[PDB]
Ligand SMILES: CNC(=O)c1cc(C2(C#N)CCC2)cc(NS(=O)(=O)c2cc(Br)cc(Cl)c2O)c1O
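Just the one chain here, the form solved without the named molecule, laid out as structure tokens.
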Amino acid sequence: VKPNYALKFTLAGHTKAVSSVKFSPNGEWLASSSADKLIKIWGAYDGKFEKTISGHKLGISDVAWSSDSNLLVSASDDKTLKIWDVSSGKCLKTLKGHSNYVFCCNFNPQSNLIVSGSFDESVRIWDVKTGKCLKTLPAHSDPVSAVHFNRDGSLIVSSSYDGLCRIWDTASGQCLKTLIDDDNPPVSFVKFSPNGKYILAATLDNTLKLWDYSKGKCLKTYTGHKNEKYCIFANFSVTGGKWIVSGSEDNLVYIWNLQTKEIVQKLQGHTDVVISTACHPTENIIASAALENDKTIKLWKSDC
């Protein structure tokens, strides 16, 4: 019915706002990225600081794991992405081509491609092994807020401050569908559901929506949080109860029942906007991270 997430660890070390937290697919790590130009690796279960990964010349707005938990990709204001070997901490490739800040990134499930979105209004598709840019999509007419592959890798969903949500054919780069075709409000985050049938989208009017991709129709709307300014990550929680999880500009983590749309819990503790949340792949564990008045990551655990 409702979860009982409670604060277990607070992870300190970043010196500017945290921008993104992500659990490794094998469950043992949390990665965090920050405006302080650093990636940090933490033990997922005990919050134990593991290492700092450094090399970007300006702040990092997103980081993402490969399917095998061995690689990270980061998106930076230095206009590049970097692919990192987590074990060594070494930068394997620097992905050059965007002409403005890189804001968002993800691997495909095969982990042979990286997709990126930028303030230059484009979506780029990159070959992981060579670091070459395979395609540049003129996807949007304002900064790109999120990019995500579906479960079989054949689709990319993108969102932008231009108000659009578009779905792209990975193989050809051509647009399959414009899911949201408004010019306002900004679409500040999007992500496929784990089975690839639905799309979770945030708009900067304090709204999250669950869309049916195939039918192009809105199935659920989630409200009650504060989101009018920042591109805040949102998540499907699937290890226990089926929830939607999101940060909020009132410094709380919100948890909703996916089916009934009722708020089931609000997690209090951060002292700034909760910009990023992540859900552990096998345990009922949430990671949350906050902006510059706070700069910490918090690990929360639930019995269900």
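Each form is matched to the other, and the largest set of C-alpha atoms that superpose within 1.5 Å is called the rigid core. For every residue, the number given is its place in the sequence shown, counted from 1.
There is another form of the same protein, the form solved in complex with the named molecule; it is not shown, and what comes next is about it.
Considering the named molecule in the deposited complex, the lone stretch of 212-220, 107-115, 88-96, 173-181 in range is 212-220 [heavy atom distance within 4.5 Å]. This chain lacks the partner; the member of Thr52, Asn26, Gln259, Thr271 within 4.5 angstroms of the named molecule in the deposited complex by a non-hydrogen atom is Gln259. Proximity to the named molecule in the deposited complex, defined as a heavy atom within 4.5 Å, holds among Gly131, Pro138, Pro194, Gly224 only for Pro194. Using a 4.5 angstroms threshold between heavy atoms, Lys242 counts as touching the named molecule in the deposited complex.
Although the partner is absent here, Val238 is a contact residue: one of its heavy atoms lies within 4.5 angstroms of the named molecule in the deposited complex. Only one entry in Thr221, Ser99, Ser88, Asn184 has its C-alpha moved by 2 angstroms or more between the shown form and the other one when the rigid core is superposed, and that entry is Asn184. In contrast to the form presented, in the deposited complex the C-alpha positions of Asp120 and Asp182 spread farther apart by 3 Å or more. One change in the deposited complex concerns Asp183 and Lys79, whose Cα atoms lie at least 3 Å farther apart than in this form.
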